[PDB]
Amino acid sequence: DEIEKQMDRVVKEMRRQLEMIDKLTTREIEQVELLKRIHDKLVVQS
Amino acid sequence: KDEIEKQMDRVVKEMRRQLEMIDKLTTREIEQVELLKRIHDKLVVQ
Amino acid sequence: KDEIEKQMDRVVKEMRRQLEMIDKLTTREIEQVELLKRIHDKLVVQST
Amino acid sequence: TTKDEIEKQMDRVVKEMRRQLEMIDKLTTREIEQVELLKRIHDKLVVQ
């Protein structure tokens, strides 16, 4: 079937893009942590 | 000095770009889920 | 066994709801980064 | 307000987005696990 071949291509795209979302979310959490280090460095300022 | 705040500004602009990428990529995922149900609907039609 | 199509239909509806939730939370995140940009602007008006 | 109180707003915002950011990450992993069952559905559908 050609619908079954299309479903396989789509399922494979969704996993690739979904891992990319997951990678990018992970990077965002580390950038939120850097903001906590930036905030912590702001009260140690004075 | 004000290298903390300039760094935070670089981080804030970074998170916007990457959170937009997450958002655009999630949006594409939802459109692929609906194509997936159109495939499911095309499978009962076939 | 046309229960795989019933399973596939159950999964696609599940993924759309959970994916819409991801999309709402990301959208909320962007509003908070801009709130963070307003905080950044208030910090330069303060030190300077 | 006071620079000591802007940091409190930034601190509340930073902790909020991290919690919501963890939630996005939780749902994305759950989504990847469903695409896997979606691939198992396709493979069980081609054997038919």
Side-chain angles (χ1 to χ4, degrees), chain A residues 1 6-8 10-11 13-15 17-26 28-35, chain B residues 11 14-27 29-41 43-45, chain C residues 1 5 7-27 29-34, chain D residues 14 16-38 40-43 45-47:
Chain A
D1 217 320
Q6 213 204 330
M7 175 191 183
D8 190 73
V10 175
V11 168
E13 281 188 15
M14 300 197 19
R15 173 179 70 214
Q17 292 151 203
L18 215 37
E19 266 145 12
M20 203 47 87
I21 291 167
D22 187 15
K23 190 157 211 285
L24 230 45
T25 303
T26 278
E28 292 299 289
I29 294 159
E30 301 292 301
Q31 267 180 319
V32 150
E33 269 145 19
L34 174 81
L35 279 163
Chain B
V11 176
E14 249 149 43
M15 299 198 58
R16 171 181 316 125
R17 234 131 51 201
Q18 292 153 189
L19 282 181
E20 266 145 8
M21 248 290 278
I22 291 165
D23 187 16
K24 195 271 192 320
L25 230 45
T26 303
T27 291
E29 288 296 292
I30 296 160
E31 302 293 301
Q32 268 178 305
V33 161
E34 262 139 18
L35 175 83
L36 225 44
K37 172 219 69 216
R38 266 159 231 144
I39 279 164
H40 159 269
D41 289 357
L43 284 166
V44 286
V45 181
Chain C
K1 193 193 306 291
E5 312 171 273
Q7 179 178 36
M8 176 191 185
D9 191 73
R10 195 161 249 153
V11 174
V12 297
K13 298 162 142 197
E14 242 157 38
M15 299 195 58
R16 170 175 66 214
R17 272 188 312 265
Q18 293 152 191
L19 261 185
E20 263 148 6
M21 197 46 76
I22 292 167
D23 192 16
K24 181 156 204 41
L25 306 175
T26 303
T27 278
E29 288 295 291
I30 291 161
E31 159 202 40
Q32 268 180 314
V33 160
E34 264 139 18
Chain D
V14 153
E16 184 167 333
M17 57 206 266
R18 176 178 70 219
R19 200 168 26 241
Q20 290 151 173
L21 224 33
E22 267 150 9
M23 202 158 26
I24 291 168
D25 190 14
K26 187 165 64 205
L27 309 179
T28 304
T29 59
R30 179 152 159 206
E31 288 295 289
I32 295 159
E33 156 202 279
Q34 241 154 2
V35 161
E36 269 146 19
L37 174 81
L38 226 41
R40 305 190 195 103
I41 281 162
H42 160 269
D43 290 357
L45 206 29
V46 165
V47 306

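No hydrogens, no waters, no symmetry mates; every other heavy atom, side chains included, goes into these values. In what follows, chains are A, B, ... by sequence order, proteins preceding strands, each numbered from 1.
Atom CD1 in D/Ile24 sits 10.5 Å away from atom CG in A/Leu24 (nearest 0.5 Å). Summarising the geometry, atom OG1 belonging to A/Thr25 is positioned 6.5 Å from atom CD1 belonging to A/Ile29; distances are rounded to the nearest 0.5 Å. Between atom CD of residue A/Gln6 and atom CZ of residue B/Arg38 there is a gap of 10.5 Å, rounded to the nearest 0.5 Å. We find the CE-CG distance between B/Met15 and A/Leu34 to be 9.5 Å, quoted to the nearest 0.5 Å.
In this structure, C/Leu19 and D/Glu31 approach most closely via the heavy-atom pair CG-OE1, 3.2 Å. Residue B/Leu43 comes nearest to C/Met8 through the heavy atom pair CD1-SD, 4.3 Å, listed as atom of the first residue, atom of the second, then distance.
Salt-bridge check for C/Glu34 with B/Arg16: passed, with a basic side-chain N closer than 4.0 Å to an acidic carboxylate O.
The side-chain hydrogen bond (donor to acceptor under 3.5 Å, both in side chains) test applied to C/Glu14 returns D/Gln34, not counting sequence neighbours. For the salt bridge (charged side-chain N to carboxylate O under 4.0 Å, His left out) test, no residue two or more places apart in sequence or in another chain qualifies with D/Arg30.
Considering only heavy atoms from C-beta on, C/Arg17 stays 4.5 Å or farther from C/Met21 through its side chain.
Judged purely by atom type and a 3.5 angstrom limit, D/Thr29 uses its side chain to pair as donor or acceptor with the backbone of D/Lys26. Without hydrogens or angle criteria, D/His42 side chain to A/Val11 main chain gives no donor-acceptor distance under 3.5 Å.
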